[PDB]
2 protein chains.
Amino acid sequence: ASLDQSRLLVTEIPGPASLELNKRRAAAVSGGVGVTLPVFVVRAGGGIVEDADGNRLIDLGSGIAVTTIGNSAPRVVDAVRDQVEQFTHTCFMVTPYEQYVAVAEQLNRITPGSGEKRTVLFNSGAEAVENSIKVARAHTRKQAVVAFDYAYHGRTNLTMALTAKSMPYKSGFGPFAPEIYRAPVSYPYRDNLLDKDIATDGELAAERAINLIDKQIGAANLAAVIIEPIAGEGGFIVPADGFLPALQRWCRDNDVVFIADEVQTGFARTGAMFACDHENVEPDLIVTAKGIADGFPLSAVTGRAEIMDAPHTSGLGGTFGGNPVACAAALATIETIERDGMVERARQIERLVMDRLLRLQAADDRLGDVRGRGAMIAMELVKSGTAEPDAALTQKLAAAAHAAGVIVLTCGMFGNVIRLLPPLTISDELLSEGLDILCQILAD
Amino acid sequence: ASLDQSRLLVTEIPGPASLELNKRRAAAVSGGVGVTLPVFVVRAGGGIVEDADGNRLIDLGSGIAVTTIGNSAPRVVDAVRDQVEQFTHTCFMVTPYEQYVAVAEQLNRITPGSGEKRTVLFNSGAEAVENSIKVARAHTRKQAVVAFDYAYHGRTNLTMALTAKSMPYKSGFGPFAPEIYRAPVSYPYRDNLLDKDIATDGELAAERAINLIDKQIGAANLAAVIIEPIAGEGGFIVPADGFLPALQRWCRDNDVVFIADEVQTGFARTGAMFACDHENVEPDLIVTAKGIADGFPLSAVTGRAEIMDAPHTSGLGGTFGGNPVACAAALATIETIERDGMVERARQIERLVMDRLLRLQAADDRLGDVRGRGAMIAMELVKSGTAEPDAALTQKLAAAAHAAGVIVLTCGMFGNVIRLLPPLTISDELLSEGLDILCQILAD
Ligand SMILES: [Cl-]
Ligand SMILES: [Cl-]
Ligand SMILES: [Cl-]
Ligand SMILES: [Cl-]
Ligand SMILES: [Cl-]
Ligand SMILES: [Cl-]
Ligand SMILES: [Cl-]
Ligand SMILES: [Cl-]
Ligand code: NA
Ligand code: NA
């Protein structure tokens, strides 16, 4: 009973047992919940998911950038086993406990910037984003929030409002929280089709956004600008150099809280501890979740002390938040990243994947763009000889990969992005094999 | 190493070690997070919380109605230990797993009503409430939601909007989600000061609410009425007999989705599986969290199939939701309730507590009202010979109980309610002792 780090197809995909389990799902779970690949998981670790039929699939999704340090990481297993025996919940607002404080300290340490910082914990990315806005409004005593045109921030009313794409995230769920405005992001590949300078010069892309913010809202009415350092669900869009620094600067000059949403990019994923570290961005607040606790429901807001302390006592909280078992897992996750060279591992994975995809792109112009950092890499698929999105090809490729025992996700505003989010504990051999399969499907 | 089911004071409260840990909390955690009793927990089970100084305190809060079946319940410990080894997270929307489906099935079974039902899982009460609204709007294609004047529903933008009390829940955090309207609830004790018939006749209290809903909103503009079967944070307010049934009926006659928020009342807490069971209320949707998984972050929306299936595919979800470890805990929690007679235990606790508090009230008219069901009981404190709230006395009593090693919570719109939320696994002796201490503090 130890999990073999090799792909294995005993059945077609999905298999007979998964198909049986699926009858139960259809009869019990709301039809609002969509499933990408309906194989039922019995076990996972390293770079492998094992299903109910005995198949072993190559994980190139890590549950959407969550099991970065690998499913059921051994330090996490240990930390959880010990904590679950001591206590499962006290509610930190009732009687506190050291595990919550320890996590706050570690986030204060590892996040960008070097001043006084404070943290608060919740259970989901959407909750943390919600609280970053509460914090910013309490501090500034201003109303509006600016989000970007490829942004994804969550499924609650306000975070739906912050999100750009109507289907499936927003359609039919409003009316939405007021005072949300939308600005254009740095999207080099498609900016390039119109203005070559904007695509390469990030400061100029920031000016484009700032001119609109100033005209349509004004700093005097603005609490916060919120941005993903790399847009996730919107299509793994890495902004031009200079873009994030220029937003930061403008926010400082204008008493607007600058918020980095690092829910997807955070915790070693991009080849640094946080995506903001690549250009030395120091946001006023940074939002984290997903990879923070190796799959346990936990999220955080971390930021400048003066800002984070603005809400009255008892103004922030929630019953479950900073659950002590989830905290034990968070501590073991941070420990794992530092002691096992995960940031460097992310950088190895970049070199391996970029090298394959760039060689593929030279051979096949259906790859409009190859972009990303660390273990967060994507290709955008287009019709040969143009820049027109090819969603059809994107879906066919993913469906073929699934059928070949490869868990690969799509994303993108136009439905034409293949994304790669392997756990860092994937072997180079499994990672290459996953890439081989993608190349074979595209070749014929 | 087994936890002694007896109160013990080795130090004053809080003790020197807790006070040391508190310096760390103040330096790391946002000042927005308030703490009721700053003792740092190292262990808990049965009816006892053990702190960092070796003190053993009587738990009369269960983390705000969360550890109903006891901290670190043995079936939960077992279920969690096994699951954490298999996998920690796949994201149900990526690749599903049986644990999530199993939980959906169990909630479909144990919730009120007998038709076709479906469930969806999230991580917090606030998230589940948010999703009940999304579901209702998708189904009805109407905008407005009605909540009540003692309501508490969560700390996100929309759930803040649904919540009645500005301090500390809402102040400075808006603007809020639009189309939330407020109606008057059945509050027998204080309704009685004005109209004796309204306080006893629930159907008449429903008419009062329905007349306002009709005048200020209209059914043709209304997606949902949402209500707590017993108002929690608002002061443990049990409505008059007939109130909930009459709302249900009106909602059916008018194509408005009726939503029971059972986040606090759910899972054996009130001497039935759900608070709605006492009058046979069958809501269209019921929202659950808190006690569902013995402290693990998990929440649910369960309801009529046709309603729950209204959102398009991928319209509902979230990354962490229905975490497999939290699900293992939920299954063990339901198993624990049924196999160990917890519902009956809740009823024993009612008889014990009501008997003490009613005898206390006959002797001491500072107890304006004694109310509640099962292990959800409260007294409302007032100035002797009137019905004027006495918040001061309420705080003094709780502070004195804390100093005597009793974890007891306050609540209420007017800050004058002592509430009792012991874990069901408290012994009668510890429960009586907790009541003895309260009686002694009030006597002199
Ligand atoms: Cl094979
Ligand atoms: Cl370019
Ligand atoms: Cl609260
Ligand atoms: Cl490199
Ligand atoms: Cl003692
Ligand atoms: Cl009465
Ligand atoms: Cl999502
Ligand atoms: Cl009884
Ligand atoms: Na179905
Ligand atoms: Na402080």
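Here is what the cut-offs are and how they apply
Residues numbered from 1 in each chain as written, not as in the entry; some residues may be left out. Chains lettered and ligands numbered in written order. Heavy atoms only, no water. Residues with missing side-chain atoms left out of burial classes, pairs and counts. Contact = heavy atoms within 4.5 Å. Buried area = accessible area lost by both parts, 1.4 Å probe. Salt bridge = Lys/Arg side-chain N within 4 Å of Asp/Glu carboxyl O. Helix = DSSP H or I, 4+ residues; strand = E, 2+ residues; numbered from the N terminus. Nonpolar A, V, L, I, M, F, W, Y, C, P; charged D, E, K, R; others polar. Buried < 20%, exposed > 50% of the residue type's maximum accessible area, 1.4 Å probe, protein only. Pairing = 2+ DSSP bridges. Axes fitted to C-alpha atoms, helices over the stretch in contact; angles between N-to-C directions.

As deposited, the entry is annotated with X-ray crystallography as its determination method and 2.5000 Å as its resolution.

1. A short note on the interface of chain B and chain A
Chain B puts 105 residues into the contact, and the matching count from chain A is 105 residues. When chain B packs against chain A, the two sides together hide about 9200 Å² of surface, and 61% of this comes from carbon and sulfur. Contact with chain A buries area across many residues of chain B, yet B:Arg155, B:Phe173 and B:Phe320 alone supply 8% of it, more than any other trio. The interface formed by chain B and chain A contains 6 salt bridges. When residues of the side of chain B that touches chain A are traced back to their parent elements, those giving at least two are α1 (16-28), β1 (41-45), α2 (62-65), α3 (74-86), α4 (98-110), β4 (117-122), α5 (125-140) and α6 (157-162) of chain B. No other element matches the 7 residues that α4(B) contributes to the side of chain B that touches chain A. Here the residues of the side of chain B that touches chain A sort into 53 nonpolar, 34 polar and 18 charged.

2. Section: the environment of A:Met273
Residues and elements named next belong to chain A. In this structure, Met273 sits in the loop between β8 (257-261) and β9 (285-288). Its relative accessible area of 14% is what places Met273 among the buried residues. In the structure, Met273 is positioned 102 residues away from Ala375 in sequence and 12 Å away in space, judged by C-alpha atoms. Residues contacting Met273, with those up to four places away along its chain left out, are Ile110, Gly266, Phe267, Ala268, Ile337, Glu338 and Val343.

3. Structural notes on the sheet that holds strand β14 (residues 409-411) of chain A
All names here are of chain A. Sheet architecture is open: 4 strands sit in the order β11-β12-β15-β14, paired in antiparallel fashion. If you trace the sheet from one side to the other, it starts and ends with β11 (367-373) and β14, each paired once. Strand-to-strand, the axes of this sheet are offset by a mean angle of 25°, without reference to chain direction.

4. Focus on the environment of B:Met379
Residue and element names in this part refer to chain B. Locating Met379 in the fold gives a position in strand β12 (residues 376-381). With relative accessibility at 3%, the residue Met379 sits in the buried group. Taking C-alpha positions, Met379 is 8.9 Å from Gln361, a pair spaced 18 residues apart along the chain.

5. Description of the sheet that holds strand β5 (residues 144-148) of chain B
Backbone hydrogen bonds are what pair the strands of a sheet, in a parallel or an antiparallel way. Residues and elements named next belong to chain B. Taken in spatial order, the 7 strands of this open sheet run β4-β10-β9-β8-β7-β5-β6, and their pairing is mixed. At either end of the open sheet lies a strand with only one pairing partner, and these are β4 and β6 (180-183). Taken pair by pair, the neighbouring strands of this sheet meet at an average axis angle of 20°, ignoring direction. Where β5 lies against strand β7 (residues 222-227), 3 bridges are found, and the strand directions are parallel. Bridged to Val146 within β7 is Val225. Together, β4, β9 (285-288) and β10 (299-304) form the strand contacts of α4, whose direction differs from that of β4 by roughly 130°.

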